[PDB]
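Report on one structure; see the data block that follows.
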Amino acid sequence: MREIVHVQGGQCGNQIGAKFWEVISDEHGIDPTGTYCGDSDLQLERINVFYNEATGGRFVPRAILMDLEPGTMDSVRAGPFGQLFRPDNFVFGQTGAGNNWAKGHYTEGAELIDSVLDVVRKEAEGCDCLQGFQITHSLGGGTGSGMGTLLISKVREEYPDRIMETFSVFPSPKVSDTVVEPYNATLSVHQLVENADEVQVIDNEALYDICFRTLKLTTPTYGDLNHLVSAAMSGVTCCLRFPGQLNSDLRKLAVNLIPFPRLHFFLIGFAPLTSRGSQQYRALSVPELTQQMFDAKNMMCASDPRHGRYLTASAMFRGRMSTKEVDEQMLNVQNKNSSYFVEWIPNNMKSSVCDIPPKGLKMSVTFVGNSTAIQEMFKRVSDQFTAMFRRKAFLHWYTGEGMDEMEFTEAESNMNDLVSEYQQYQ
Amino acid sequence: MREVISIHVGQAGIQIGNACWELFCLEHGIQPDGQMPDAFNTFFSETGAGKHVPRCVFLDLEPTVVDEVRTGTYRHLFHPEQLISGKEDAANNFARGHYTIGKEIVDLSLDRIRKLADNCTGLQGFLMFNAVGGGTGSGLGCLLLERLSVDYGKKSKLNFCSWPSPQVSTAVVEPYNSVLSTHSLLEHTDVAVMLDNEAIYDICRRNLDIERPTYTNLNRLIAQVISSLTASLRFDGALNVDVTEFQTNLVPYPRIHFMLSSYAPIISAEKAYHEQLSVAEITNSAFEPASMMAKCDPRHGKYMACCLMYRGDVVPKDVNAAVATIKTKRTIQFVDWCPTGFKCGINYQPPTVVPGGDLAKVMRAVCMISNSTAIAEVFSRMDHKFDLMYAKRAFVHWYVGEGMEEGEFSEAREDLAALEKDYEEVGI
Amino acid sequence: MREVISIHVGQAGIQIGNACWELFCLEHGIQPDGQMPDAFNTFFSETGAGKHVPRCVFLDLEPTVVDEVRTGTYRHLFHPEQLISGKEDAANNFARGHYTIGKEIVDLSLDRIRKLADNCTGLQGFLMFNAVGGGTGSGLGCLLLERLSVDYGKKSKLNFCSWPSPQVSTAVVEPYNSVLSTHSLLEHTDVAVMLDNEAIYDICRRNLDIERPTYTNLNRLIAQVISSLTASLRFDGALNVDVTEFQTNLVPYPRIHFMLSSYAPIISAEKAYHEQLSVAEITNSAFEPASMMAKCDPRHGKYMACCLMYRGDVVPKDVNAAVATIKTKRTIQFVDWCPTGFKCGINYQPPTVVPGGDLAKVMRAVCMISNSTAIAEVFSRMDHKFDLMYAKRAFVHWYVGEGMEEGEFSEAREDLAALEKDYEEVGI
Amino acid sequence: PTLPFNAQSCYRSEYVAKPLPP
Amino acid sequence: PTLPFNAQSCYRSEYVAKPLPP
Amino acid sequence: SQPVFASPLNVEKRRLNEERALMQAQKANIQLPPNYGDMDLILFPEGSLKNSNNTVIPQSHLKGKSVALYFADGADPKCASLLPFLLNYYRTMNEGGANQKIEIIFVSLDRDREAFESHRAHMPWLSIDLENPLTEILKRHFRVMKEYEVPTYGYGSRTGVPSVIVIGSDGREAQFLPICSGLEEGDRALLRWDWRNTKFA
Amino acid sequence: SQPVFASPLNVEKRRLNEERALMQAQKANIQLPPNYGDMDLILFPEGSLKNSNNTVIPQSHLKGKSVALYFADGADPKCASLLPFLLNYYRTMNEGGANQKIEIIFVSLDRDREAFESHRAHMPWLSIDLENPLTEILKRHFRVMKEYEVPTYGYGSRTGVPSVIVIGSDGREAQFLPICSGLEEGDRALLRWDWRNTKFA
């Protein structure tokens, strides 16, 4: 039927893809061994989308783990549910790009990406007719942002008409790991604007904000953060894997979201999110749940949507629910929040109703919005990049290994125009 | 002998047809397998030992909607190749369902249609179900009707359209989908009936006191409407009418074939206890503008022609009085050059009920199919919505680069503009 | 009494014939041993008190396919001398099966067939079964038919040849084996029914929904073609036509005697549930171009003769109506000079289901043997694949260095080119 | 740890075998 | 070290004595 | 085979009725197994029901009335909230009338006899004793349970506690009043009761 | 003599029929040894079959209904992955019908009593007890094994776990459904169920 091949690039990608196969396997009912348990037809009817059968009854994911370092990919293997992946899919690297984009792209990645393209072509080409790919990576790192996006360049060329959904984590606004963030981010984006079919933006700062301010978790680690990205990233593909009264695939999402080919950068949100104390006191219904959906407090990007205007946005509802309230509530936002919505697109919003909720919640909403408040980070990391680039700081960890002077100014010009394009329809 | 072929295209087509065929099987009293323990022959084909197979095809490019038919309760009701599916969805794109993923399905679809329709010559017509706003409901809706027009030129093609609402849409490309649909719908269909979702939303709120209608409750109501439309063909009646005489008595000009619907009474067990349901009473609620099932208020239009379907214990004398009341009354407006504004219709068998459903048992119901000049608003509205979008070319790249040429939008624009001069000039 | 002899030379013939001999055994009620607990006399010779033996001679140079019959469960059906084995394979070499390892086994088989023919007069003909692509089936077939033509000149014989497909071919030297065989399968055979494996592969996908069919599922469904073909001389019929009246009807001119085949319906246990299989519908599926068993699309050729074999509960006044609709249809195109385009036949008792098989119980069936100019492209195709490899003498030395002379090849290709020109000539 | 699945599709919840009108 | 043989011939698994028609 | 196949009442009905068809045939033109329509079921045994005075009433007493099962739990807040409106509806339909229209059977989901007795003491309608098997058979029949300790046979829970279901003579599901279900009409689902068209026969 | 000559069920059948033959001859021009067609056998003894209630049902009940043995193992990946199809198929075939048409008798390859109970609790259809000899009799009769861990008399494995076998009255194999076999159309092989001709008689 329709299939997705998963690729995880980098430390952030591997550890954000490892929880993804934990949230998806529990959802379908697969033991860490790989055995089905729980006698419901519903569960396994659409399992082609992420598993290949092994004619002894076991399911293996269509995951390709790519890295230049032996270390963190073994941590995926040795954990619980780490034995689910096929070991051939694991393409190691030996020497490792040390948080260098030019090493990750030009030099170090090159000898190995031909091997990744062998394993990724074997999975993709194999099945009946392919539907797309999904890639999880970091735009701060070296292998996550270097060879994560070289994959994107090459796989698009091989399969032009098939979709390619990337989940990238951006450089944090305030405080920064990995002092060469803007070098990694600006070089990554300038050919991610022209090679990724849909890009979804996550910030760790908004994730700490939510894990502290709304969930009121005492100590958020990457374990709790990645659970939140995993719940939202399972949400976009509710429709593929479960029946629905009003179904909506990834390409139906894409048509309804992007008005212009330039801009495919999205802001993800999840609801409901209550603490363990406050779980039993909060009413769970459609009108409450669309309200939490359109909060700046709840958005996984730490950029204020109220500064700008939602172009077109989408809400993927999950659960037992009436389409009348899924209709009339979305009328109610455009009539109440008259200011936060662009005015030359009547009925900006998109709805979908997916009939199988995440386990143990009656109802859940994921939100994917395309907004001109994303220009706040595009201008912010442009300023961080243009501050360093003028005085040539850390340049020669990219100039040494064959990335010359011109592609940095090309990246700046091909990103500063992105800010101004968004301002044109402000 | 005489039959009719049902076609369901798209998601909305398949689900509406699910409620239609569930209602049809109960009404002729056949089990989900297909065996009862020539009246029903107009929809079912005899096949061996008292066994009956429906005359329908389910066309969608989404497998996740047609496969529950192949694995549900109704597995063996339908013949397996009646249910046809693709691999990949149209993805809310008219250009997908017309050009790219179009030719794969429609060659298989014609063969099933031709094999079903070449059994007993003199069949009444086709019934086509679709959502206008959808991708494949709009895309394949064009291409299927083109093939049927060139092949059976002789043929009556009813089209039931789930038209998008004014204010609730749940997509962004539907100003594109609806304007491009109605170009194809104009030259290729024979009678088109418009159904709005928020019409059935607010009829369900006031008449049924459901504040949570899902798509099931909407689809049961559409099925009750179309069960009463074809009631005359299936059972005996005092004055019955088939689908051929709709053309002569509803469509005064080639292009004006857009119809409204209203069913009365739509009442529950709380209400049927306290209404009497006289012929005068239910025909009043039928002509009520809010009980119209299209969200297009007929007060600012002129009823060009009007068709009534009485269904139940209805005597001819009560019909004549009820209609004469309506003509005399001056709140509604009949056009000056149509003095015989009506076509009455009586059928004997009462509207059947789905057990554990939302309606109650009712002695007599009316289904009214109207042609009015009020339709000027429902097309001008989407004329405007398309103009904001196409002002500087939003979501155009989804179509242009994906197999259709820039100019089909402008060509379909003029056809929608020509329709506005047509509705405007008629009501003078 | 009246009787027909079957020969299976080569593996392909044997496996097909191996599937023949449960079907003939089940129809007459004989057992693996050969005793029941005047109709079956045409295939079974009386052997004292109630034992019967088939009139089939098995001939293969390989022991490994025929000794497995002697040790098999049907050990006692055949006469022990009736299964003849050699020592060494022909190994895909027409020269081997015809010139060297030919003579060591042919006159043993001719002595066997002579002791089988001379029991009764009123011999009908021969049912030889062979492979075109093979070495045995091409070579040893030619060597067999040379002897039979010399002594029994004016007795009919008909062959079943498993002609190579364009794509699916399972061997490399089969275009060599084809032109060489078809040179001598012109002047030694009266009816040459061409079967193709990828055609039956298409039918197994769309009718049975078998994605993975083996040789034995093909051979079961080939044996149904044989059983329906011959049942008129064996079973009581309403209007029956035998082997001696085929050659007059179907073969217009001396050399044009290659006929296609098709069968209808081909329906599993899922589907006979849902269709009635009336005479009008089963004869339409017979003429459907994807149901032909050659992969030779009859759109690009004009028909000249068809032989419909109705078998089951079939009345003659339904056949006449069903045939008439086919005549009127303009895309199945008949040649100008043949008004008697159809020769039909009806038999009473339906085809038998092999229990636990793939095919289901059907109250009626149609076997269709068609003669058409469509097969010009089949011969033009093999003429093309021959000309690439012969252009610079690939694999020539296998045939040359073994008994034939380089000049045999070019003489055979003038023969196949002459066959091609004959079909173009008769088409106009 | 996994728990059992507590959700039913629209289609089965609406279209249950209801006892037939004659 | 001899593991057993658990594969079936085409002939033997299929051309079994079929039930007889009347 | 209503409303489900794999339920204890259906297996027990098929057993009795199909063996009665065998008895008939063995004594004897009879089709086997019998039609589900032809199957006849005795729902409530002689001592399964009792009114407010703990006096047993037979199954035959319920005829010409609209009976509904009420699956309830003691400590459930939603049961505690639903119960007063059900009581209001009970008086307002049974009291102002010349005819007894509706009747409610009470089926427990409590954990012990003491909890069952304390909860049932609030109720004026009929009830089934907890230790009786029939509560277990009825729960698995109507697919009403609180948590997934009950093996569902590849189906789901139709609903949870509380649930009011108007029932028929043969054990069929007449209509399902949506308290906390797909329609979610809490405390107003009571108005959907068609006591004319749902008679226990 | 169907499917195999050398099976425990067949050899016991042959022994009983020739006891009957010799004794009838001795009591009073009669065919020795008896024909296979004239041999008779009751297949399931008086108390080998139990339903979901663990209530024993006699052999005579299964007539008119297409019955299928289900050879299965709890721990097996493929049995776990096949069970939902079969459940769904059971539902959708014998719910919506004039009559009950299909029935499944479950025979088990689990490791022990407790494993068998845990796997039999998911079964709504019938099951043979694990410690019954009749289980092993049917194993050897229909020639199934996971790998060669029982002596076959010159044959091979007909198939392995999982398997379904539509059967007839005399212990004959009606049809094989190809799940783990040559045809390999598992979970779609269930569609190939011919329930007209394979009536239990």
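All residue names refer to the structure tokens as shown: chains lettered A, B, ... in order, residues numbered from 1 in each chain, ligands numbered from 1 in order.
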Legend entry - Proximal residues of chain D relative to chain G (only C-alpha atoms; 12 Å) as JSON, numbers by chain: {"D": [12, 16, 17, 18, 19, 20]}
Please produce an output containing N, CA and C atoms for each residue in the selection, written as a PDB file, in the first residue's frame.
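Now in part.pdb:
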```pdb
ATOM      1  N   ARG D  12     -17.462   0.632  12.596  1.00  0.00           N
ATOM      2  CA  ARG D  12     -18.121  -0.421  13.381  1.00  0.00           C
ATOM      3  C   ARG D  12     -19.085   0.077  14.468  1.00  0.00           C
ATOM      4  N   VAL D  16     -23.749  -1.387  13.132  1.00  0.00           N
ATOM      5  CA  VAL D  16     -23.914  -2.664  13.799  1.00  0.00           C
ATOM      6  C   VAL D  16     -25.070  -3.381  13.099  1.00  0.00           C
ATOM      7  N   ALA D  17     -25.067  -4.720  13.134  1.00  0.00           N
ATOM      8  CA  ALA D  17     -26.181  -5.487  12.596  1.00  0.00           C
ATOM      9  C   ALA D  17     -27.448  -5.163  13.388  1.00  0.00           C
ATOM     10  N   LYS D  18     -28.383  -4.471  12.726  1.00  0.00           N
ATOM     11  CA  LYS D  18     -29.656  -4.052  13.290  1.00  0.00           C
ATOM     12  C   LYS D  18     -30.741  -4.967  12.720  1.00  0.00           C
ATOM     13  N   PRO D  19     -31.813  -5.369  13.444  1.00  0.00           N
ATOM     14  CA  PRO D  19     -32.706  -6.423  12.955  1.00  0.00           C
ATOM     15  C   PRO D  19     -33.679  -5.904  11.892  1.00  0.00           C
ATOM     16  N   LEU D  20     -33.841  -6.701  10.839  1.00  0.00           N
ATOM     17  CA  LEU D  20     -34.188  -6.174   9.528  1.00  0.00           C
ATOM     18  C   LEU D  20     -35.682  -5.856   9.449  1.00  0.00           C
TER      19      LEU D  20
END
```
Inset, instruction - Can you check which residues of segment 143-219 of chain C DSSP gives as helix (DSSP H, G or I) on the backbone and send them as a PyMOL selection string? - result: chain C and resi 143-151+174-184+197-206+215-219
File dump, residues just selected, C-alpha atoms, as a PDB file, in the first residue's frame:
```pdb
ATOM      1  CA  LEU C 143      10.991 -37.366 -35.483  1.00  0.00           C
ATOM      2  CA  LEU C 144       7.696 -38.831 -34.200  1.00  0.00           C
ATOM      3  CA  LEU C 145       5.518 -37.051 -36.746  1.00  0.00           C
ATOM      4  CA  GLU C 146       7.779 -38.085 -39.667  1.00  0.00           C
ATOM      5  CA  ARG C 147       6.990 -41.785 -39.057  1.00  0.00           C
ATOM      6  CA  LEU C 148       3.282 -41.213 -38.387  1.00  0.00           C
ATOM      7  CA  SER C 149       2.844 -39.187 -41.597  1.00  0.00           C
ATOM      8  CA  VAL C 150       4.487 -41.903 -43.696  1.00  0.00           C
ATOM      9  CA  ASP C 151       2.163 -44.769 -42.762  1.00  0.00           C
ATOM     10  CA  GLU C 174      14.418 -21.096 -27.252  1.00  0.00           C
ATOM     11  CA  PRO C 175      14.243 -18.701 -30.286  1.00  0.00           C
ATOM     12  CA  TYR C 176      16.572 -21.218 -31.984  1.00  0.00           C
ATOM     13  CA  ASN C 177      14.338 -24.103 -30.921  1.00  0.00           C
ATOM     14  CA  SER C 178      11.215 -22.304 -32.174  1.00  0.00           C
ATOM     15  CA  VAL C 179      11.991 -21.616 -35.869  1.00  0.00           C
ATOM     16  CA  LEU C 180      13.537 -25.061 -36.204  1.00  0.00           C
ATOM     17  CA  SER C 181      10.476 -26.800 -34.714  1.00  0.00           C
ATOM     18  CA  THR C 182       7.877 -24.664 -36.495  1.00  0.00           C
ATOM     19  CA  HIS C 183       9.472 -25.539 -39.840  1.00  0.00           C
ATOM     20  CA  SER C 184       8.260 -29.133 -39.518  1.00  0.00           C
ATOM     21  CA  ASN C 197       2.536 -19.364 -19.998  1.00  0.00           C
ATOM     22  CA  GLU C 198       2.485 -15.605 -19.263  1.00  0.00           C
ATOM     23  CA  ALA C 199      -1.076 -15.392 -20.609  1.00  0.00           C
ATOM     24  CA  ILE C 200      -2.229 -17.981 -18.075  1.00  0.00           C
ATOM     25  CA  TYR C 201      -0.116 -15.997 -15.542  1.00  0.00           C
ATOM     26  CA  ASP C 202      -2.334 -12.913 -16.277  1.00  0.00           C
ATOM     27  CA  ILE C 203      -5.488 -14.918 -15.967  1.00  0.00           C
ATOM     28  CA  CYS C 204      -4.266 -16.390 -12.646  1.00  0.00           C
ATOM     29  CA  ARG C 205      -3.780 -12.892 -11.292  1.00  0.00           C
ATOM     30  CA  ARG C 206      -7.106 -11.288 -12.246  1.00  0.00           C
ATOM     31  CA  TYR C 215       3.429 -25.185 -13.123  1.00  0.00           C
ATOM     32  CA  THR C 216       0.819 -27.507 -11.584  1.00  0.00           C
ATOM     33  CA  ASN C 217      -1.861 -24.803 -11.270  1.00  0.00           C
ATOM     34  CA  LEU C 218      -1.288 -23.917 -14.942  1.00  0.00           C
ATOM     35  CA  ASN C 219      -1.444 -27.546 -15.979  1.00  0.00           C
TER      36      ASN C 219
END
```
Inset, instruction - Please return, as a count of residues only, all residues of chain A lying within 8 Å of chain D when only C-alpha atoms are considered. - result: 13
Inset, instruction - Select residues of chain G: the criterion is any atom within 10 Å of an atom of chain C, counting only C-alpha atoms; output as a PyMOL selection string. - result: chain G and resi 166+173-177+182-185+191-197
Inset, instruction - Compute the chain C side of the contact with chain B at 12 Å, counting only C-alpha atoms, and hand it back as a list in words. - result: residues 206, 207, 209, 270, 271, 272, 273, 274, 275, 276, 277, 278, 279, 280, 281, 282, 284, 285, 288, 322, 325, 362 and 363 of chain C
Expected file contents, prior selection, N, CA and C atoms, as a PDB file, in the first residue's frame:
```pdb
ATOM      1  N   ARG C 206      -5.948 -12.163 -12.227  1.00  0.00           N
ATOM      2  CA  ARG C 206      -7.106 -11.288 -12.246  1.00  0.00           C
ATOM      3  C   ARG C 206      -8.380 -12.084 -11.951  1.00  0.00           C
ATOM      4  N   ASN C 207      -8.368 -13.393 -12.220  1.00  0.00           N
ATOM      5  CA  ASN C 207      -9.525 -14.242 -11.980  1.00  0.00           C
ATOM      6  C   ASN C 207      -9.363 -15.025 -10.679  1.00  0.00           C
ATOM      7  N   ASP C 209      -6.956 -14.658  -8.460  1.00  0.00           N
ATOM      8  CA  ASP C 209      -6.221 -13.856  -7.482  1.00  0.00           C
ATOM      9  C   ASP C 209      -5.078 -14.659  -6.859  1.00  0.00           C
ATOM     10  N   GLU C 270     -14.791 -17.975  -3.973  1.00  0.00           N
ATOM     11  CA  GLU C 270     -15.263 -16.691  -3.460  1.00  0.00           C
ATOM     12  C   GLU C 270     -16.397 -16.153  -4.340  1.00  0.00           C
ATOM     13  N   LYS C 271     -16.321 -16.412  -5.653  1.00  0.00           N
ATOM     14  CA  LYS C 271     -16.998 -15.581  -6.640  1.00  0.00           C
ATOM     15  C   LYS C 271     -18.280 -16.238  -7.158  1.00  0.00           C
ATOM     16  N   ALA C 272     -18.299 -17.574  -7.270  1.00  0.00           N
ATOM     17  CA  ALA C 272     -19.487 -18.298  -7.715  1.00  0.00           C
ATOM     18  C   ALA C 272     -20.645 -18.112  -6.729  1.00  0.00           C
ATOM     19  N   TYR C 273     -20.280 -17.677  -5.521  1.00  0.00           N
ATOM     20  CA  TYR C 273     -21.190 -17.183  -4.504  1.00  0.00           C
ATOM     21  C   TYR C 273     -22.049 -16.059  -5.077  1.00  0.00           C
ATOM     22  N   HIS C 274     -21.437 -15.168  -5.875  1.00  0.00           N
ATOM     23  CA  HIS C 274     -22.032 -13.879  -6.187  1.00  0.00           C
ATOM     24  C   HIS C 274     -22.519 -13.737  -7.625  1.00  0.00           C
ATOM     25  N   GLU C 275     -21.808 -14.288  -8.630  1.00  0.00           N
ATOM     26  CA  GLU C 275     -22.411 -14.257  -9.948  1.00  0.00           C
ATOM     27  C   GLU C 275     -23.346 -15.451 -10.172  1.00  0.00           C
ATOM     28  N   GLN C 276     -24.488 -15.191 -10.822  1.00  0.00           N
ATOM     29  CA  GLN C 276     -25.061 -16.145 -11.753  1.00  0.00           C
ATOM     30  C   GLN C 276     -24.218 -16.106 -13.026  1.00  0.00           C
ATOM     31  N   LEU C 277     -24.131 -17.241 -13.717  1.00  0.00           N
ATOM     32  CA  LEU C 277     -23.216 -17.329 -14.836  1.00  0.00           C
ATOM     33  C   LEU C 277     -23.996 -17.612 -16.118  1.00  0.00           C
ATOM     34  N   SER C 278     -24.959 -16.732 -16.429  1.00  0.00           N
ATOM     35  CA  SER C 278     -25.855 -16.864 -17.563  1.00  0.00           C
ATOM     36  C   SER C 278     -25.063 -16.907 -18.869  1.00  0.00           C
ATOM     37  N   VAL C 279     -25.764 -17.354 -19.913  1.00  0.00           N
ATOM     38  CA  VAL C 279     -25.073 -17.684 -21.139  1.00  0.00           C
ATOM     39  C   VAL C 279     -24.568 -16.428 -21.850  1.00  0.00           C
ATOM     40  N   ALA C 280     -25.306 -15.320 -21.685  1.00  0.00           N
ATOM     41  CA  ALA C 280     -24.899 -14.071 -22.325  1.00  0.00           C
ATOM     42  C   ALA C 280     -23.597 -13.506 -21.722  1.00  0.00           C
ATOM     43  N   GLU C 281     -23.416 -13.691 -20.401  1.00  0.00           N
ATOM     44  CA  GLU C 281     -22.275 -13.101 -19.702  1.00  0.00           C
ATOM     45  C   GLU C 281     -20.990 -13.936 -19.842  1.00  0.00           C
ATOM     46  N   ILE C 282     -21.150 -15.258 -19.874  1.00  0.00           N
ATOM     47  CA  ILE C 282     -19.993 -16.141 -19.938  1.00  0.00           C
ATOM     48  C   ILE C 282     -19.406 -16.179 -21.352  1.00  0.00           C
ATOM     49  N   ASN C 284     -19.442 -13.425 -23.198  1.00  0.00           N
ATOM     50  CA  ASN C 284     -18.797 -12.131 -23.356  1.00  0.00           C
ATOM     51  C   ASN C 284     -17.382 -12.170 -22.770  1.00  0.00           C
ATOM     52  N   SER C 285     -17.215 -12.865 -21.637  1.00  0.00           N
ATOM     53  CA  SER C 285     -15.918 -13.003 -20.984  1.00  0.00           C
ATOM     54  C   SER C 285     -14.963 -13.888 -21.802  1.00  0.00           C
ATOM     55  N   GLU C 288     -13.289 -11.592 -24.271  1.00  0.00           N
ATOM     56  CA  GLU C 288     -12.536 -10.511 -23.648  1.00  0.00           C
ATOM     57  C   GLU C 288     -11.028 -10.695 -23.893  1.00  0.00           C
ATOM     58  N   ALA C 322     -26.580 -14.924 -27.726  1.00  0.00           N
ATOM     59  CA  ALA C 322     -25.282 -14.514 -27.206  1.00  0.00           C
ATOM     60  C   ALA C 322     -24.262 -14.345 -28.338  1.00  0.00           C
ATOM     61  N   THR C 325     -24.930 -11.004 -30.444  1.00  0.00           N
ATOM     62  CA  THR C 325     -24.426  -9.754 -29.883  1.00  0.00           C
ATOM     63  C   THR C 325     -22.948  -9.573 -30.235  1.00  0.00           C
ATOM     64  N   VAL C 362     -18.992 -25.042 -11.335  1.00  0.00           N
ATOM     65  CA  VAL C 362     -19.738 -24.124 -12.175  1.00  0.00           C
ATOM     66  C   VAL C 362     -20.774 -24.932 -12.933  1.00  0.00           C
ATOM     67  N   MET C 363     -21.976 -24.375 -13.079  1.00  0.00           N
ATOM     68  CA  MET C 363     -23.075 -25.104 -13.698  1.00  0.00           C
ATOM     69  C   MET C 363     -22.884 -25.170 -15.222  1.00  0.00           C
TER      70      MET C 363
END
```
Write out chain E, as a compact mmCIF listing (two decimals) with N, CA, C and O atoms, in the first residue's frame, after superposing it onto chain D by least squares using every C-alpha atom paired in order.
```txt
# COMPACT_ATOMS: atom_id res chain seq x y z
N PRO E 1 6.46 -2.63 28.61
CA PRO E 1 5.32 -1.90 29.19
C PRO E 1 4.25 -1.57 28.13
O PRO E 1 4.34 -0.52 27.50
N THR E 2 3.24 -2.45 27.99
CA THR E 2 2.17 -2.26 27.02
C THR E 2 0.78 -2.29 27.67
O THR E 2 0.22 -3.33 27.99
N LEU E 3 0.18 -1.11 27.81
CA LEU E 3 -1.21 -1.03 28.25
C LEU E 3 -2.07 -1.37 27.03
O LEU E 3 -1.64 -1.17 25.91
N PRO E 4 -3.26 -1.99 27.18
CA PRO E 4 -4.15 -2.27 26.05
C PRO E 4 -4.86 -1.09 25.38
O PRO E 4 -4.69 0.08 25.73
N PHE E 5 -5.60 -1.45 24.32
CA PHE E 5 -6.21 -0.53 23.38
C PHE E 5 -7.72 -0.61 23.55
O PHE E 5 -8.33 -1.66 23.30
N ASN E 6 -8.31 0.53 23.95
CA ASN E 6 -9.73 0.59 24.29
C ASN E 6 -10.47 1.76 23.63
O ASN E 6 -11.27 2.43 24.27
N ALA E 7 -10.31 1.90 22.31
CA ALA E 7 -10.95 2.92 21.50
C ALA E 7 -11.61 2.25 20.29
O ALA E 7 -11.06 1.30 19.70
N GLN E 8 -12.78 2.77 19.85
CA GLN E 8 -13.56 2.10 18.81
C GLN E 8 -13.57 2.88 17.49
O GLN E 8 -13.52 4.09 17.51
N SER E 9 -13.54 2.15 16.36
CA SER E 9 -13.65 2.78 15.04
C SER E 9 -15.07 3.30 14.85
O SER E 9 -15.98 2.78 15.50
N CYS E 10 -15.23 4.28 13.93
CA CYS E 10 -16.53 4.85 13.64
C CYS E 10 -17.38 3.82 12.89
O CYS E 10 -18.59 3.78 13.08
N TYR E 11 -16.72 3.09 11.99
CA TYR E 11 -17.39 2.10 11.17
C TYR E 11 -17.96 0.97 12.01
O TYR E 11 -19.16 0.63 11.88
N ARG E 12 -17.07 0.43 12.85
CA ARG E 12 -17.34 -0.83 13.52
C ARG E 12 -18.38 -0.66 14.62
O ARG E 12 -19.21 -1.55 14.83
N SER E 13 -18.33 0.49 15.32
CA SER E 13 -19.22 0.68 16.46
C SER E 13 -20.64 1.00 15.98
O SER E 13 -21.55 1.05 16.81
N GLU E 14 -20.84 1.27 14.68
CA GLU E 14 -22.11 1.86 14.31
C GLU E 14 -22.81 1.18 13.14
O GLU E 14 -24.05 1.08 13.14
N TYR E 15 -22.06 0.74 12.13
CA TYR E 15 -22.69 0.15 10.96
C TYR E 15 -22.91 -1.35 11.17
O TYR E 15 -22.68 -2.16 10.28
N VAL E 16 -23.39 -1.69 12.37
CA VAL E 16 -23.67 -3.04 12.82
C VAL E 16 -24.90 -3.54 12.06
O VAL E 16 -25.72 -2.76 11.59
N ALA E 17 -25.03 -4.86 11.93
CA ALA E 17 -26.21 -5.47 11.32
C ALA E 17 -27.49 -5.09 12.06
O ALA E 17 -27.79 -5.59 13.14
N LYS E 18 -28.24 -4.18 11.42
CA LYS E 18 -29.51 -3.64 11.87
C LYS E 18 -30.60 -4.71 11.75
O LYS E 18 -30.54 -5.52 10.85
N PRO E 19 -31.61 -4.73 12.64
CA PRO E 19 -32.75 -5.63 12.48
C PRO E 19 -33.55 -5.33 11.21
O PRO E 19 -33.65 -4.18 10.80
N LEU E 20 -34.14 -6.36 10.60
CA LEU E 20 -34.70 -6.17 9.27
C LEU E 20 -36.16 -5.73 9.39
O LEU E 20 -36.89 -6.24 10.22
N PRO E 21 -36.64 -4.81 8.53
CA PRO E 21 -38.08 -4.51 8.48
C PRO E 21 -38.87 -5.66 7.85
O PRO E 21 -38.31 -6.38 7.03
N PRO E 22 -40.18 -5.86 8.19
CA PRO E 22 -41.05 -6.82 7.48
C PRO E 22 -41.25 -6.51 5.98
O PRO E 22 -41.69 -7.39 5.24
```
